[PDB]
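Spelled out, the chains give:
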Amino acid sequence: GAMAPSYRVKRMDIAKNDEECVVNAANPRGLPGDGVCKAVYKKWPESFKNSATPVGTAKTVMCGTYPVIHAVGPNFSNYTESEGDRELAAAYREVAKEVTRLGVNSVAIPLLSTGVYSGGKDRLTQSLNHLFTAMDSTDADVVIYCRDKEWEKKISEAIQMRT
Ligand SMILES: [Cl-]
Ligand SMILES: [Cl-]
Ligand SMILES: [Cl-]
């Protein structure tokens, strides 16, 4: 466990994190993919051996001793808002189980389904709240990654609101 479990946000490439494991914003087929998934493939390609897993689940594959937790959010181009919301909440609960099982003291996590899976919508709040629902009961230090300056400010504000 971390001494004083916390949330933080950083605006940078999650492939350059300083945490004990990474959550990939994976596709269901374990393909190199786009966005976060492509940066994770470049940095940890060994972790895509048998990484394919269904929507709403997470599958961990070791790169050396470094855990890559492949978390598959729904593509809101394909899902209804209602079923999409259910699967996005489920993917984060599976992330919390894996982070707990691994016994890490820190984890780097992106906002699932906010990129090319967002179906053209701003899902910062929806995705972040499902992240909190899942990770609040874990004692790992959580570091949320983003790339947009206005997203960094909104994520930071949401963290500070609860403190
Ligand atoms: Cl960066
Ligand atoms: Cl995405
Ligand atoms: Cl972003």
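- Method of structure determination, per the deposited record: X-ray crystallography was used for this entry, reaching 1.52 Å resolution.

- As annotated in the PDB entry, the protein carries the name Non-structural protein 3 and comes from Chikungunya virus.

**Quick look at the nonpolar core**
Line of reasoning, step 1. Ranked by size, the top nonpolar core spans 32 residues in total, and within it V95, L111, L131, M135, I144 and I155 carry the most contacts.
Line of reasoning, step 2. Secondary-structure elements contributing two or more residues to this core are β1 (7-11), β4 (66-71), α2 (81-102), β5 (106-110), α3 (124-135), β6 (141-146) and α4 (149-161).
Line of reasoning, step 3. Formed by 14 residues, the second largest nonpolar core is a distinct cluster that contains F48, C63, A108 and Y145.

**Describing the side chain of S127**
Line of reasoning, step 1. By secondary structure assignment, the location of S127 is in helix α3.
Line of reasoning, step 2. When its relative accessible area of 0% is taken as the criterion, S127 is described as buried.
Line of reasoning, step 3. Side-chain polar atoms of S127 contact the side chain of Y92, separated by 2.7 Å.
Line of reasoning, step 4. Not counting residues within four places of it along the chain, the set of residues in contact with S127 comprises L88, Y92, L111, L112 and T114.

**Considerations on unusual backbone geometry**
Line of reasoning, step 1. In this structure, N50 is a non-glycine residue whose phi angle is positive, near 55°.
Line of reasoning, step 2. Along the chain, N50 falls in the loop between α1 (36-43) and β3 (58-63).
Line of reasoning, step 3. One non-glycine residue, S113, lies in positive phi territory at about 65°.
Line of reasoning, step 4. Structurally, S113 can be placed in the loop between β5 and α3.
Line of reasoning, step 5. Using a relative accessible area of 7% as the deciding quantity, one classes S113 as buried.

**What about the side chain of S118?**
Line of reasoning, step 1. Here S118 lies in the loop between β5 and α3.
Line of reasoning, step 2. At 3.3 Å, the side chain of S118 and the backbone oxygen of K121 are in polar contact.
Line of reasoning, step 3. With near-sequence residues (within four places) excluded, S118 lies in contact with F76, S113 and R123.

**A short note on the pairing of β4**
Within a regular strand, side chains alternate between the sheet's two faces.
Line of reasoning, step 1. The buried fraction of β4 is high, at six of six residues.
Line of reasoning, step 2. Burial along β4 is two-sided: the residues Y66, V68 and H70 and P67, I69 and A71 are all buried.
Line of reasoning, step 3. Looking at chain direction, strand β2 (residues 22-25) and β4 are connected through four bridges and run parallel. Bridging across to β4, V22 finds its partner in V68.
Line of reasoning, step 4. Looking at chain direction, β3 and β4 are connected through six bridges and run antiparallel.

Cut-off values and rules
- Residues numbered from 1 in each chain as written, not as in the entry; some residues may be left out.
- Chains lettered and ligands numbered in written order.
- Heavy atoms only, no water.
- Core = buried A, V, L, I, M, F, W, Y, C linked by side-chain atoms within 4.5 Å.
- Buried < 20%, exposed > 50% of the residue type's maximum accessible area, 1.4 Å probe, protein only.
- Helix = DSSP H or I, 4+ residues; strand = E, 2+ residues; numbered from the N terminus.
- Polar contact = N/O pair within 3.5 Å; in protein donor to acceptor, adjacent residues only side chain to side chain.
- Contact = heavy atoms within 4.5 Å.
- Pairing = 2+ DSSP bridges.

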